[PDB]
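Peer 1: Residue numbers (PDB author numbering): 701 to 878. Here you go, one structure.
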Ligand SMILES: [Zn+2]
Ligand SMILES: [Zn+2]
Ligand SMILES: [Zn+2]
């Protein structure tokens with residue numbers, strides 16, 4: 701097994717996957733690493749098992765159809781993974797915790813959002829459809845773009861949103877387009 705957390709790339713108290721070499725801190729893994737279970741399979745392994753059970757799950761899909769799916773166990777897991785892939789980027793630190801807004805010439809967003817909030821919302825099963833989750837994720841970056849206006853810091857929103865968007869297309873097998 702790896703000696704660093706797959707998500708944050710640090711050493712510390714790690715839990716090792718029993719079916720791939722990845723390792724995690726407890727709260728970096730999503731969901732948080734389970735108390736017992738031996739063997740333990742990480743979310744990367746769980747996601748690969750879904751695909752292997754239903755190879756056809758990788759055929760192209762319309763986003764509009766994906767968003768209306770109910771958050772049954774497999775969609776819950778795919779949203780958990782997609783959230784994890786964002787946390788995997790070091791630039792997610794800017795969006796993890798609750799923001800605040802006091803900049804001359806800007807007003808804060810009406811509906812603040814941040815990754816730890818979405819994490820909690822997933823943990824507490826507050827989303828009934830994939831759309832719920834994806835809207836809050838997109839909101840995080842949109843609020844950032846709107847607040848930082850022409851400051852070059854707005855590019856952080858673009859960058860992290862691109863990581864989201866690519867992973868959303870991958871995870872939910874969205875039909876490739878030109
Ligand atoms: Zn970590
Ligand atoms: Zn694994
Ligand atoms: Zn099948």
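Note that beta-carbon positions come from the ideal geometry of N, C-alpha and C, so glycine has one too.
Suppose you measure from the CA of residue 736 to the CA of residue 707; what does that come to, to the nearest Å?
Peer 2: 21 Å
Peer 1: In angstroms with no decimal places, state the Cα-to-Cα distance between residue 844 and residue 779.
Peer 2: Between the alpha carbons of residue 844 and residue 779 lies a distance of about 22 Å.
Peer 1: Give the straight-line distance between the Cα atoms of residue 777 and residue 814, rounded to the nearest whole angstrom.
Peer 2: 19 Å
Peer 1: Need the endpoints of the beta strand (DSSP E) that residue 821 sits in, please.
Peer 2: No beta strand (DSSP E) contains residue 821, which is instead part of the alpha helix (DSSP H) from 815-823.
Peer 1: For residue 840, does the three-state DSSP call read helix, strand or coil?
Peer 2: helix
Peer 1: Could you check if residue 756 belongs to the surroundings of ligand 3, using beta carbon to heavy atom distance under 8 Å?
Peer 2: For residue 756, the CB falls within less than 8 Å of some heavy atom of ligand 3.
Peer 1: So which residues put a beta carbon under 6 Å from any heavy atom of ligand 1, going in chain order?
Peer 2: 705, 707, 708, 710, 725 and 728
Peer 1: Between residue 723 and the rest of its own chain, which residues show a CB-CB distance below 8 Å, the 5 nearest in sequence each way excluded?
Peer 2: Taken in chain order, the residues that qualify are 701, 702, 703, 704, 705, 706, 714, 715, 716 and 717.
Peer 1: I believe residue 824 touches residue 812 by the beta-carbon criterion, under 8 Å. Please report the beta-carbon distance rounded to the nearest angstrom.
Peer 2: With 8 Å as the limit, residue 824 and residue 812 do not qualify as a contact, their Cβ atoms being about 18 Å apart.
Peer 1: Ignore the nearest five residues each way along the sequence and tell me which others in residue 768's own chain have a CB closer than 8 Å to its CB.
Peer 2: Same-chain partners within the cutoff: 829, 830 and 831.
Peer 1: Taking 8 Å as the cut-off, is the beta-carbon of residue 779 closer than that to any non-hydrogen atom of ligand 2?
Peer 2: no
Peer 1: Just checking my contact of residue 782 with residue 841 at CB under 8 Å: how many whole Å lie between their CB atoms?
Peer 2: Wrong, their Cβ atoms sit about 14 Å apart, outside the cutoff.
Peer 1: By how many angstroms is the C-alpha of residue 818 removed from the C-alpha of residue 855?
Peer 2: 22 Å
Peer 1: When DSSP builds the beta bridges, which residues end up paired with residue 829?
Peer 2: 770
Peer 1: Can you name the start and end residues of the beta strand (DSSP E) that residue 716 belongs to?
Peer 2: 714-716
Peer 1: Closest by CA to residue 865, which one among 838, 853 and 878?
Peer 2: The option with the nearest alpha carbon to residue 865 is 838.
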